[PDB]
Amino acid sequence: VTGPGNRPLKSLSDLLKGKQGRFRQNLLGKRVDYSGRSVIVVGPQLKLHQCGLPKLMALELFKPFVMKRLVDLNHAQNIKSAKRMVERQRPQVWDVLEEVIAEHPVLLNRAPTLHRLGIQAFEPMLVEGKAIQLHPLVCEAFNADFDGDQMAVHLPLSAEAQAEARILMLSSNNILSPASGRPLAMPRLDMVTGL
Amino acid sequence: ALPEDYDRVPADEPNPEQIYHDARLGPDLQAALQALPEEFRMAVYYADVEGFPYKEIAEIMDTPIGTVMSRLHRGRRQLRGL
Amino acid sequence: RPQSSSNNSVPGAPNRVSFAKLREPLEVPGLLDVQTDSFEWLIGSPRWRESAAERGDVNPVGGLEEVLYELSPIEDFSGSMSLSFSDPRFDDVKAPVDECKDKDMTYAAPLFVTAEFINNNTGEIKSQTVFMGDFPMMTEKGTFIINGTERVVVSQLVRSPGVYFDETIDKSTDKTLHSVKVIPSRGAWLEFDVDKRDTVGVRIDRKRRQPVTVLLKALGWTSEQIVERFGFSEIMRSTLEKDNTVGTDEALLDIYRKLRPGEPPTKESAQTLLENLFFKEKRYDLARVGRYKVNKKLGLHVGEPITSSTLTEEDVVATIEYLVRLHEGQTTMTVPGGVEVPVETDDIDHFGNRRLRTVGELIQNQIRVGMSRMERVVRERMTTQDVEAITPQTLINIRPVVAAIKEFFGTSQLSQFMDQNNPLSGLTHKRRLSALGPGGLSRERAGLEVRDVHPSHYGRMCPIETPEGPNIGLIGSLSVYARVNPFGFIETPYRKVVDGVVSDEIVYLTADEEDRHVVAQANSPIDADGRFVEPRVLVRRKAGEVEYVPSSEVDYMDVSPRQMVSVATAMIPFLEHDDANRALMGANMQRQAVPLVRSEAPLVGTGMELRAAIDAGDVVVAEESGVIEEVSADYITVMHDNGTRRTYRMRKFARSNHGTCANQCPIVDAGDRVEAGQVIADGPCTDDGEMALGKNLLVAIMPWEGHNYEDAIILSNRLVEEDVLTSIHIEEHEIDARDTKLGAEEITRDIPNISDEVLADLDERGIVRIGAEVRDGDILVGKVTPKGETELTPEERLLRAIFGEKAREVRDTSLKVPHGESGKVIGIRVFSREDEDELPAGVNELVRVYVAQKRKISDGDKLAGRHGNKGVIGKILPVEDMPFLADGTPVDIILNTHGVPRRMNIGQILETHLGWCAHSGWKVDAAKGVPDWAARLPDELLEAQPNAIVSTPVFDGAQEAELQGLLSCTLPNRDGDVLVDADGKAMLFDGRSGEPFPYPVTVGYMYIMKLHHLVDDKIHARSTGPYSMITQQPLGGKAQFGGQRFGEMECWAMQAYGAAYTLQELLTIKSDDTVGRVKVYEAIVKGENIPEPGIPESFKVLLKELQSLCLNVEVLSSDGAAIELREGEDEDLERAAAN
Amino acid sequence: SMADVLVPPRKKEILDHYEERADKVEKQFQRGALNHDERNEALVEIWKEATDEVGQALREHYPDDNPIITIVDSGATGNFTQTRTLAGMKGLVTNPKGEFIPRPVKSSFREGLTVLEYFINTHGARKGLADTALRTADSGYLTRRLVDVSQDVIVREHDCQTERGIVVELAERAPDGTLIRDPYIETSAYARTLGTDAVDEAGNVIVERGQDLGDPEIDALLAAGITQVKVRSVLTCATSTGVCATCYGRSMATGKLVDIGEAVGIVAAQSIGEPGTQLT
Amino acid sequence: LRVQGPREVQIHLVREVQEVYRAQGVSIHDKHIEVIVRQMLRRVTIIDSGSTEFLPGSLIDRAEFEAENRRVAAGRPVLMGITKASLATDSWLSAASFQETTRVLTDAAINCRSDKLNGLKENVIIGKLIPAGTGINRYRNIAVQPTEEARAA
Amino acid sequence: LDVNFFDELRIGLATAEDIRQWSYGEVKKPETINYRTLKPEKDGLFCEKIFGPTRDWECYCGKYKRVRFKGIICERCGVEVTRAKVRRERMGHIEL
Amino acid sequence: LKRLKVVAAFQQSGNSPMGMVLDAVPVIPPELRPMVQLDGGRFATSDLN
DNA sequence: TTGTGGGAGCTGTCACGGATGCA
DNA sequence: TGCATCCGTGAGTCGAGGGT
RNA sequence: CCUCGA
Ligand SMILES: [Mg+2]
Ligand SMILES: [Zn+2]
Ligand SMILES: [Zn+2]
C-alpha cells in the first residue's frame, strides 16, 4: 500500500526488521547522554594515558559536576546560580573545571569500531581550541589518521564505570593486539624513520 | 508523512536538568519559611501549590473558613514584602 | 599579447604565461550551455530559433509547441466539438531574482496560450487567450528559485529508447540464452526471450511468458506465413509445434485473458486494447530518438522518413527475426529493406545507447502529465455543458499543471539544493550527470558495471571527478568540450583529417559515430601546413582499444589534451603526475574550499581559472563596451558608446546556501574603458577574473617534532595575524509568533524573570539591535507563549497567586543563540500580518536575524592542495618557531614528508618547485645560445619577473627537463643570495634551538585551500537535552543538541572488554530510563552516588509493538506470575511537598 | 624533490628489448600460429618481466641513503611497488572486467602519464574503489554473523582437567642435521597450554603440561629436538556451557592466562573480522 | 564429518580458513578460529527418536541430547552454518534481533517459547548486567570491608 | 518500582480475549483530531477517553484540571484525570 | 515431519490454533504513532495511522 | 445523482535455500 | 511424486546539513 | 530520502 509519491507505508512488521528496526536501532545500540564529538589532532606532547579535551567540550560534558563543585566553593549562591554561571561561561568555572577533571577518565571511540581497542579510556587534560588531541601511539588501534577524522567522547559516571575505564579500558593498559599479541602501541612511520 | 526516521520527531518535554530546577524554588524559600508564622506558612503553601478547596484546607488544620481564608489573605500581604 | 598568454580572447584577462606547446584549435564553449540551451529549447526562445535554423533541423519545434501539437486537438465522443492549443507566450517576470530570494517566492513568469474552440455543429470558431500558470524561469546563472532557495536541475543519465539484446550464459545445459527489450519513450514494455527449453516466449508489461506465435496470431497472421518468414533456425518451427492457441480469434481471446486477469474476457476488448497498447500514438510513443534507434539498428526505412514514431508490425517481425538469428551464430542480416545490419548484443553502459535528459526534457515530461490530466478534465466538462455556454476559459482547469510543476521542483531527486560553497562547486553542479532518479536505475540496482569508467566516456564524461563515497560512478560531470545532442546524446569535437593532413574543420561526433572512424591523439606531430610527421600515429579503435596506424588511415584528431577531463579536474597542475584516487580527491576538495576575505590567484595554474570564474556567473562581466561612468562599493555604472548606460549592482556580504559569503568587489576605476566580455567585479574566490580558491603558502617538506605526524599540518601564526586564511560565515536564524489554543504568541521585549542587562541589546520590539555582538546563549528575538494553568511551576504558582497578575500566563520561548555560535548581527528582516506580507496559516509574525562571524584558521581546520593532499591543522606555531630561510623568512606551512611518496601524488612536489620559480622569477642564460633543455620553451618563458603568474595545462604543461632547468637560473633575493639550489632545497634554521637543520629541505610555494570542514562546525557536546518522543532516546545531530550514538559494534567492544557496568549505564541511565536520568542529575548535583539503573523505555515500546502484532508477550517473575511494568508517581509529590 | 626521484638510466633499453619480444609475439599472432588468449597471456608474461626488470634497475641505481629508499626499507611506510610506480614504470593496469590489457603503462608518474595511459589507469582505480566499498560491507556482515554465533562462548571455570587436545607440528626433520622450523608456530603452537608432557628420547621432560608455551618454552622445545607437541584447545574442552581458562590458554592482550569473565567468543569474532577488509 | 568424524572436520575447517587468511598475509591465531568452529558442532540430529519427545530429523544441543537420556535416542553429529546455528539459539529474543525477525517471532509464538533471559545480548536488550566480565556473580557480588589493623590506624 | 530481575520472557499467540482484556476501549471513527481546536475526536484514533488525556490531570470537557481529582472518571466525557504518560501504554482495539 | 512440527507445537502447549484468525485488532497507543503539527495547517503522521 | 468516461511505472542486483506447484 | 521454479532472506559503522 | 565527511 502506497501513500503520497508511490511510497510504501511502513507497517507494524517494518518497525522490527532491518538495521532501522527497533532491534538494531533502539535495543542493541542507542544514543547516549554526557557525550560529545570533535575533530582529532595529533598531540605528541601527550602521555599514552592522556588526551586533550577542548575546554568548551569538557565544560558541557561535566556540567553538573562543575555546578556541584561551584556550590561547594562559595563561587555560587545556589544551584540555579551555578547553572547560570556555567551557561554564561564565567571566568570562575575554569579553575573549578580542571579540578573536577582530575583523574576522571573519558572514553574515546572512532567508528568503525572493528575491535575492542576501537574504544579506549584516557585521562583528559584541558586543551585550548576545539579539537581533541590524540596520542600518536593509539592511531594504529583506532585506524586513525588526521585527514579530517573525528572521534567521540563518552563520560562514565558511576564508580563502577570509572573503575572499568581506569583498569580495563585504560589506554596504557592495552598495548598489545588482542588478536595476535603483537604490539600495536608501537613506534610508527615518523618515529621509525627517526630511530 | 513524518521524516524517514521516526526517532528524530522530538518529544516536547523538559529535560532532566530542566525538570530539576523547575520543581524547586528560588531564594525566597527562606522568606516564606522563617519570616512568616507557621500559621501563615502552612496555610499559604497548601492553598496555592495544592489548590485544595477552601473546605479541604479547612480540614487539614482543623480550622473554619474564618481562619483559613484569613491566614491566606494576610499571608499574601505578609509575603508581599521582600 | 603573445600566443603563450592563456585566455587571450577574454579582454582584460591577466597575462598568465603558459608552458603549453600545442596550439588550441577550439575554445572552451559556454560551460553553462548544458542548462541554458535545454531551457531555451523548452521555451522556444529566439536564441534557440537561430541555432535551430543555423545548424539544427530545418523545422524548428519548441519544447512547449511539441506538447501542444501532441495535445491538440481535443475532441469528444461524437467528435462534435474541438479545442486546440497554440502559440505559447510568456509575459514579463513577476519579481526580480533578489526580491524572489527575499520573499520566499518562486522566480517565474506567467504563461499564455491561444485556445481556439471550433464547433462542428453550430459552425463557429471561438478563439481565446487562456492563462496557463506561473512557469518557473531559469536565471542567467542557469538555476531556479523555488520557495526562496536556489536550485539546480541535474541532467539525468537514462536508457535511450530502442531495441536492446542481451545474452545470458547458464550453468544448466551451458546454453547461452538470449533476450530482447523494447524500451519506448511512453507506454509499457514488451520483451522477447528464448527459454531453456528452446521455446521463444514473448512477455507483456507484467504477464506470464506466452509463445511468440501467439503474438503473430494476435495480429491475425496465418499459420503458413510464419513458416515462410521463420523456421530457418527451426526454433520458431518447434515453438509452433508446441501446443498453443488455434487460430487468431482464440489467440486474441486468450491474450485479452492475460491482460486484466480475473475479468470476463470478450472478443472486442482484445480488438480495443491491442490497437491502443502498442500501435496508437495516444498511449504509446518512442520519440524520434527511439524511432531513429530502431530504424538504424534493424535497417528499417533508411530513406529517412520520420513521419510515424510507433511500434509497427514490420518492427516486431524484424526484432523477432533478429532474436532468432542471434540465438544462432548468424552475424549478418538483411530484412525486406534492411541493408547490412549486424547481429549483436547491446552494451547498456555505452554512451550511444545511454542518453541524457536535461532540464528541458525533465520539465517537458511533467508538463505532459499535467496536460493529459487537464485534457481529461476538459473532455469530462465538454459533454456536461451546453454549446450556448462553454468557452475556452470554462473547459480549462489549470490546477493539475501547476500542481505537477510544483511537485516536480519540490520533490524530484533531480531538483537539488545548489552547492554554493564557491563558484566552482556550483559550476560543476550545473554540469553534473546523475544516473539515479525517476526513469533511471534504482540505488538497489546500481551494480558495479554501472559505476566504472566506460571507454565511450572519452571526451564526454570525466573519469576522475566522481564521488568518493556511496555515489561513486553514479554522479559524473560533463567534459569540457562536450555538448548534448537534440536526441539527448553527448557529442565531442574532433578535427577532421584528409590524406594525412590535419585540417581546422571541426566535427562533433557521438559515441556511435566515433566507434566507426579512427581518432588520433592531440599529442601528435604536425607539419607547418597541417600534415602528419610520423609514419604511423597512435589511434583509438572501435572496441576502445588503441594501436598504431599509418597516417593515410587516420580520420579525426583530439582537439585538446584536456578533452577527457572536466573543469575542476582541468584545474590541477601536473595532473599527469598524480594517481587517479588522489586526483579525484583534489577535484572534489576544490569544490569544498571556502571564500576568503581577500582572494589571491595561484602562482601556478592550468589556464582554466579564468574561464571557470567567468562561466560560473559569480563574476560581473561587461555586457557591452564603454567607459565607467561611476564606481562605488555598491554599484558600477558604465556609459556605452551609443549613449546608453548600464549599471551593475554588487552582491555585498550575501549568504550562500552553505553559509559561505558572496561578496563582489569592483576591479575597475572611474575612468577605465572596458570591453564587452571583460570582468568588471570580482566575486567570491576570484582574483582579477581568475578562480582563486586558496593562497600561495611558503611550504617546507619535512617532519617537525611529530606535530605534522600522519597527515597533520603545521602553520605559521602569521596566517592568523595577517588573516591570510580567514573566512566569513553567515548564518540565518528565524522565529515565528503564531497562534495556539490558549492564546496568541507575541514578540515582545518584556520577558519574565529577565534582567535589564541581558535585554540591553534588544530594541523596543524585542529584537536584537543591528551591530550587536551576540554570545553563546544570548537572546536574538524575544517571544512569549500563552501557558495553561496546569503547566505552572510551584515557584510560578506562588508569584501568580500572591500578586494576582493578569490571565496572560506566558512561557519564555525566545530565540536564543545556539551553542558554538557568535558574531555581529549584520541584518534583520521582519514580516507581519499587519502588512500585506503573506505567511502560512496561523503565523502572526516572522523574523529572521543574520549573524556573521570571521573565522581565522585554527587547530582542527582542514586544508588541502589540489593533488588530494588533505590534512587538519595540528599546531599553529609562533612566527619565531617556524623553520626560516637563510635571510630570516619563516616558512608558512610544514608538510610531512612521509605522506608524499606513498599516496602517489608527486605533482604536489613539482607544483612546489615551480611555485618557487614563479615566486622569484628567472633569467635563462641565452648569451651562448638558448640551451638544449630550454629549446621547446616559448620565448616568453625565458625570463620572468618575481611573482609571475604561470599556466601549466594538464597533459601539455612544463616538462621535467624544463622545470629542472628553471631551478638553476632562479633570480636572487634583494641581497643577491640564491636561497634555493638547483635541487629545490634550502638550508633552514630551527627557530627553536637556533642551530641549522643538518640537511637541505625542499621549500617552495604551494597552493593551499581552506576546506569547508572547520572545527567550529564539528565540535559538539551534550550532557542532557531534548529526547525522542517515540522511543525516549536522545535526539541525533548537532543542530538538535543531540547525543552521540553508541552503536551495536561499540557494545560488542564493551563486552569484549567485559565492562558490564559501563554497558548497562550507557544503555539505561544515559538513554531511556526516564527516572534514572533525573535521579542521576540529582545525585551528581548533590555529590551522592549514582543510582541503580531502571528498565529501558525502548523495551517497553518493543513489548507494546509486539502486543500490537497480536503477540501475547509477558514478563514472568521467579515464581511464574506476570510482572506489571507500570509507574506510580507519589514519590515526586512526596519529595516536592516535603521540600 | 624532483631530484630525489631518480629515473633508472637503463629503462629505455629494457623497454626496447621487451618491445622486440612483444613484436615477435605479435608477428606469431599475425602468422596464425598463436591463439588470441595465447597472445594476451604471452604479452602479460613479457610485460610482467619488463616491470620486474625496471624495478631491479631502479633499486640498483638508488643509493641506500636516498629518502625514498630510506622511507621504504626502514619499515617506516610504503612498499617498493609504489617506488617503482613513481620512478620506474606503472606497469599493467586492470580492465573494468578484471583482466589485464596487452599494452602497459610504460610511463612513470615522475615522467607523467600520457592521456591514454591516464584514461586506462582510471579503470583500475575506479573498480578498486568500488570493490573496496563492497568488501567493507561483506566483511561487516560476516563479522556480525560471527559475533552472534559466538556470543555464547565465555570462560566459566579455570580447568576442566580434560586430557584431550590436538597435536601440533613444531618443526620438521630435514635430511640434513638442521630442523626446519614450522611457519604456523606463531599462530598454532604459540600461547597454548600444554596437554601432555613433552619428553625427549632418553631425557627428562623439557616442558611440563600446563605451561604457557611462550617464546622461551618454544625455543627450549626446539633446542631439545622435539618435533610435535600436544596442546589443549577449546575444540577438546569438556566444559558444559562455556570454556575453561586452561583449555583456552593465554590471553593475547594481557599476555597471561585468560581471566574468568572474558567473553573470548566476541574477541574471536572481532579478531577474525577486523582484517577481513584485506582479503581478495 | 560423516566419514572421518567430528575431531577431524574441526581440524579441516580450521586449516582451510587459516589457509585463506594466510594466503593474504593475515596472522590470526588458531584459537580465535577454533572458538568459532566449536559453535558449529554443538548439536546432533535425531535419527530415531525412541522413548524421547524429540522429533526425528531435528537439531538438538548435545548437552540436551546427553542429559535428556534417562533410561529409567539415536544422535548423529551435525556440522552447522553460523547463520543456521545463530537462528537456532536458546533465546528467541536473541534470534529476533539477528535475522528474519518475522519468521522467528511467528515460530516463537506457535511454539509458545519462553526466553530464560540468560545471554549477554538479551541482557543488553533488557538492560541487565551481562553475564560476562564484571557481570558474573563471582565478581559482581563481593564483600569489601577494611581490616581491623587498618581500622585501628 | 521494579529492578529488572525477571526469570523468563514468554511469547505466544494472542487470543481475542487477550486483545479485549488489554484494550481500554473500541476505536470506531476514522477522524483523528479537530483541525480547528487541535482536540482529539471522540472514539477516534487519538481518543482521550480510551487512550488517555493529552495533558496531565486534564479531562476532555475541561470539568477537571487539577491534581485533586486524581483517580475519578469524568462523567461528562469519560476521560480519566491522570498523567499523559499513560497515553504511551494504553492500547485500543477494533471489533471486526 | 514438516507438518508435525507445527501440529505438535499447537498440540503440546495448550495454545489454541484459533488465534491464527482474529475478530478484533489491537491498536497501538497514540504516542508510539505520533501525529505532530507542522508549520501552518499541515500535519504529519506515521504510516500506522 | 443518465445518457462518455479503463493506471502508473517500473529490471540495471547478486547469492543462497527451501517451500510450492506442476508434469 | 520429483524435482525446477519461484519466492523470500541477507548484503559496514559513525558523523553534518537540507527537504517531503 | 538526498548531498557530503572519515
Ligand atoms: Mg581518515
Ligand atoms: Zn577445557
Ligand atoms: Zn470531562
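The numbers used for chain F are those of Swiss-Prot, and the residues that appear cover 2-97, in sequence.
Recorded method for this deposit: X-ray crystallography, 3.1 Å.
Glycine is treated like the rest: Cβ placed from N, Cα and C.
What Swiss-Prot records for F:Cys60, F:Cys62, F:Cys75, F:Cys78 is Zn(2+) 1 binding site.
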Shell of the Zn(2+) 1 site beyond F:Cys60, F:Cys62, F:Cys75, F:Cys78, same chain only (C-beta within 8 angstroms of their C-beta centre): F:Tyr61, F:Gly63, F:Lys64, F:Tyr65, F:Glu76, F:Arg77, F:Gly79, F:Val80
Other C-beta atoms that fall within 10 angstroms of the C-beta of F:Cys60 (Zn(2+) 1 binding site): 24
Sparsest-packed of the listed binding-site residues (F:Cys62, F:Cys75, F:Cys78) - C-beta count within 10 angstroms: F:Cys62
F:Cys78 (Zn(2+) 1 binding site): secondary structure state under DSSP, collapsed to three categories: coil
Among F:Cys60, F:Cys62, F:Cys75, F:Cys78 (the binding-site residues), residues with Cβ under 8 Å to chain G, listed in sequence order: none
Per DSSP, three-state class assigned to F:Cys60 (Zn(2+) 1 binding site): coil
